[PDB]
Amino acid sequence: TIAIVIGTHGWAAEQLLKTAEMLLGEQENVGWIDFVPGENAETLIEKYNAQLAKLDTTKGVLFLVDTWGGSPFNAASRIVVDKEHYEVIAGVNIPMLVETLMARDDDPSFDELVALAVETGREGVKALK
């Protein structure tokens, strides 16, 4: 399947994945990194690369990060720059993760998965009242 790597400031990426797996069962072909004060984008690029080495990236790689413009985002941006089937999507949330992981198994095309992740992430933000 298409590889997914989750990155956030701090230690939330591992928990967002755990939450998803609580809903969907354990997932394959998913990696994550943490970002600690003192580290820079170059440290993060290495962390992302070490995770990618363990993933099947033949169909592509989708980096799901916390916010636009942070270090996790900046480092991921440097990796996907001239790579086909590599994308970075900011604002990762549970609806995005769950929908994306579910669709991934039905072997969608890369563009299809990227579009679904953005759409479900946004539609997942909704107030009760």
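The numbering used is simple: start at 1 and walk along the sequence shown.
Undergrad: Using the B-factors recorded in the PDB entry, average over the C-alpha atoms of 115-123 and of 16-24, then report which stretch comes out higher.
TA: Per the PDB record, 16-24.
Undergrad: Look up the CA B-factors in the entry and say which stretch, 73-81 or 60-68, has the higher mean.
TA: Higher mean C-alpha B-factor: 73-81.
Undergrad: Highest Cα temperature factor in the entry, among the options 36, 45, 30, 98: which one is it?
TA: Spelled out: the listed residue with the top C-alpha B-factor is 36.
Undergrad: Looking at 55, 50, 88, 94, which has the highest CA B-factor as recorded?
TA: That would be 55, according to the entry.
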